[PDB]
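Read the structure below first, then the notes.
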4 protein chains.
Amino acid sequence: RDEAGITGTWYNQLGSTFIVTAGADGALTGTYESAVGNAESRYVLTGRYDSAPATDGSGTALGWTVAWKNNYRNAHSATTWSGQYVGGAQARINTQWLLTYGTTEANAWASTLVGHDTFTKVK
Amino acid sequence: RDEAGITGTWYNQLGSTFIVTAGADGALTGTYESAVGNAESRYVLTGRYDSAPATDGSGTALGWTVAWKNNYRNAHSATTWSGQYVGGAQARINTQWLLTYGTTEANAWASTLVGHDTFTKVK
Amino acid sequence: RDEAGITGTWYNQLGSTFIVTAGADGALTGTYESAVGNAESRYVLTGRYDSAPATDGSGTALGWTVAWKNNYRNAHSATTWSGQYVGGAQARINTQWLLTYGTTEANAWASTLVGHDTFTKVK
Amino acid sequence: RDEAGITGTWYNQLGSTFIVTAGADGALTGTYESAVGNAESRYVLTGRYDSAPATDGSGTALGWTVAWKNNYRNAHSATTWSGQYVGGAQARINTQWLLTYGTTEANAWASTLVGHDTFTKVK
Ligand SMILES: O=C(CCCC[C@@H]1SC[C@@H]2NC(=O)N[C@@H]21)NCCN(Cc1ccccn1)Cc1ccccn1
Ligand SMILES: O=C(CCCC[C@@H]1SC[C@@H]2NC(=O)N[C@@H]21)NCCN(Cc1ccccn1)Cc1ccccn1
Ligand SMILES: O=C(CCCC[C@@H]1SC[C@@H]2NC(=O)N[C@@H]21)NCCN(Cc1ccccn1)Cc1ccccn1
Ligand SMILES: O=C(CCCC[C@@H]1SC[C@@H]2NC(=O)N[C@@H]21)NCCN(Cc1ccccn1)Cc1ccccn1
Ligand SMILES: [Cu+2]
Ligand SMILES: [Cu+2]
Ligand SMILES: [Cu+2]
Ligand SMILES: [Cu+2]
């Protein structure tokens, strides 16, 4: 499967570092370090991936979450990345993400940012 | 914290069932059953939540992922929900979500659906 | 078509007011007044809709944009709503939206909010 | 303002062509031709932009809509792009977009795709 291809250290276009282990069962576990935002050092992440993807040249669907609290900082927010892994010489994880931060109900309409990150195996 | 308030069974507006356990460390673990889509029975989920949220009336940021493969069905896709938990008599988890399915690179522009789910403690 | 059904005044769940005219050619023109945010009084809007939708019970795709500058206020931002009109006794426009605000390149990863608005013919 | 900088022909990463005129009043009008999807030849577009942006190095917020019906084809859908214009030697329009297609109410949870397009002045 893509277990071997996904497991390892990845980098996105902002300079962030995504260290992950793909389990045989479809589990993703690791750490995330963001180069931007209210973030410092490494944060726990967990997620899931398709462990038996199609064999027609389609990518491998996956997703993971980081809550932005660690021993150093708390940003009262969480980001989820949703995307697909694309193997080969230029292996990539192409994602879109949603960052929700805690708000009062009056401000909840403004609680969620959306963006896109592309992860590669080389900085 | 919100550990007690989050842990348990939740229902969204489509009839789906979200069974989760909030850990003291910020972990979310459980199962998801979707009332719609290429889905059948329960699927593994994992995620994260802010375990020390603000005490100013703001909600509690969280997120989780489901890869849509179980023993019965594989839909070559994954959904991430990003949102906040709002406690009280009418407790709610308000989310937006991203569903990515595996595609060829030529079709990757069309690989991601976006939506919103509101979860409540009563069906 | 849905020209008659779309044209008119609509209200969303925040209390905002969406006044629109659907043209025979697929044009949407009107004004938007937001009950929340850095907004005051009415703002110009323009958009487009499917003027020959399917007749199988599917909704009518449409979209529109507001730039958040008028004679009174400038919020250096723009929102686009994308959704479908659903006719009948409980007529609805169900949307998701993207709000982008002007940022420096260093902050561009955080420039876009995402949400969802449901518009009805009654307040 | 950015009227001169925005007006003209733009190209995104898929090969699509975005021809627009920025009006003094904040209007965007033009045509869109998509290199991908259920699309053929040019489609009408309309939108809005911030005509008095900040002068602190922030980008210029804007948005526009295309309904995917012309004389040749009807795809019962509409896309809205929301983003900012960034001037200079490497001028760019960075966007995220929402594509909604008409659906029955039972399938409405799956009606909206999300993505991101970067437009440049050179192919
Ligand atoms: O910045 C963060 C956490 C880090 C996000 C990095 C993102 S994840 C997507 C993208 N990909 C990356 O690799 N990095 C970035 N959360 C914002 C929470 N705050 C709102 C907010 C929104 C925009 C800008 C700054 N803040 C609210 C708040 C609560 C308490 C204190 C301060 N602020
Ligand atoms: O349907 C699913 C999995 C279940 C999603 C339920 C969602 S999660 C968000 C929302 N909230 C809920 O509680 N339920 C719904 N994935 C679609 C994957 N397929 C694309 C697709 C897109 C739209 C409609 C149907 N299919 C691709 C494909 C690969 C192989 C076979 C068949 N299809
Ligand atoms: O608030 C607005 C314009 C009004 C948005 C109302 C939305 S549209 C979606 C939803 N539906 C509705 O009917 N109403 C709401 N733009 C924020 C721009 N600012 C960022 C921002 C982000 C979050 C909260 C406040 N500001 C940046 C900025 C530039 C200069 C000065 C001040 N601020
Ligand atoms: O393809 C389109 C219109 C063209 C979209 C091009 C996008 S806009 C964002 C991105 N940026 C670009 O420059 N190009 C692309 N609409 C899909 C509507 N159909 C769903 C759909 C979803 C995914 C793939 C194909 N179809 C439904 C349907 C109704 C009737 C017949 C056939 N299909
Ligand atoms: Cu912040
Ligand atoms: Cu499917
Ligand atoms: Cu603001
Ligand atoms: Cu189609």
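A, B, ... follow the sequence lines: proteins, then strands. Residue 1 opens every chain. Note: hydrogens, waters and symmetry copies are ignored here, and every other heavy atom, side chains too, is used.
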Q. Highest number of heavy-atom pairs under 4.5 Å with chain A: which of B:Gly63, B:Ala75, B:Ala108, B:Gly47?
A. B:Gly63

Q) Would a distance-only check, ignoring hydrogens and angles, find a side-chain to backbone donor-acceptor pair under 3.5 Å from A:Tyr49 to A:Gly23? A) yes

Q: Would you indicate whether the side-chain heavy atoms of B:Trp68 and B:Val66 approach each other to under 4.5 Å?
A: yes

Q: Return the option, out of B:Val114, B:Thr104, B:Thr103, with the maximum number of heavy-atom pairs under 4.5 Å with chain A.
A: B:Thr103

Q | Contacting region of A:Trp97 [heavy-atom separation from chain B under 4.5 Å] | A | backbone

Q) Taking the side chain as C-beta and beyond, is there a heavy-atom pair between B:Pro53 and B:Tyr85 under 4.5 Å? A) no

Q | Top contributor to chain B contacts, counting heavy-atom pairs under 4.5 Å, from A:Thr79, A:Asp56, A:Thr100, A:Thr29 | A | A:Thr100

Q) Which bit of B:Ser51 comes within less than 4.5 Å of chain A, counting heavy atoms only: side chain, backbone, both or neither? A) both

Q. Based on non-hydrogen pairs under 4.5 Å, which of A:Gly26, A:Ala52, A:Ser82 is most in contact with chain B?
A. A:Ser82

Q) In terms of heavy-atom proximity below 4.5 Å to chain A, should B:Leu62 be classed as side chain, backbone, both, or neither? A) backbone

(Q) Please classify the contact of B:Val44 with chain A as side chain, backbone, both or neither, using a heavy-atom distance under 4.5 Å. (A) both

Q. When B:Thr60 is tested against each of B:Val86, B:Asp50, B:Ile93 for side-chain contact (heavy atoms from CB on, under 4.5 Å), which residue passes?
A. B:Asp50

Q.
Which one wins on heavy-atom pair count under 4.5 Å against chain A: B:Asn94, B:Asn74, B:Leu28?
A. B:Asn74

Q | Pick from B:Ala67, B:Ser111, B:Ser77, B:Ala27 with the largest number of heavy-atom pairs that fall under 4.5 Å of chain A | A | B:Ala67

Q: For A:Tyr101 and A:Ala110, indicate whether the former's side chain and the latter's backbone hold a donor-acceptor pair under 3.5 Å.
A: yes

Q.
Please identify, among A:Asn107, A:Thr80, A:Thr95, the residue contributing the most non-hydrogen atom pairs under 4.5 Å to chain B.
A. A:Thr80

Q) Does any non-hydrogen side-chain atom of A:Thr46 lie less than 4.5 Å from one of B:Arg48? A) yes

(Q) Ring centres under 6.0 Å, that's the criterion: do B:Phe18 and B:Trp64 meet it? (A) yes

Q. A:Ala78, A:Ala61, A:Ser58: which one forms the most heavy-atom pairs within less than 4.5 Å of chain B?
A. A:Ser58

Q. In this structure, which one of B:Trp81, B:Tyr11, B:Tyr43 forms a ring pair (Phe, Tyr, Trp, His ring centres under 6.0 Å) with B:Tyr32?
A. B:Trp81

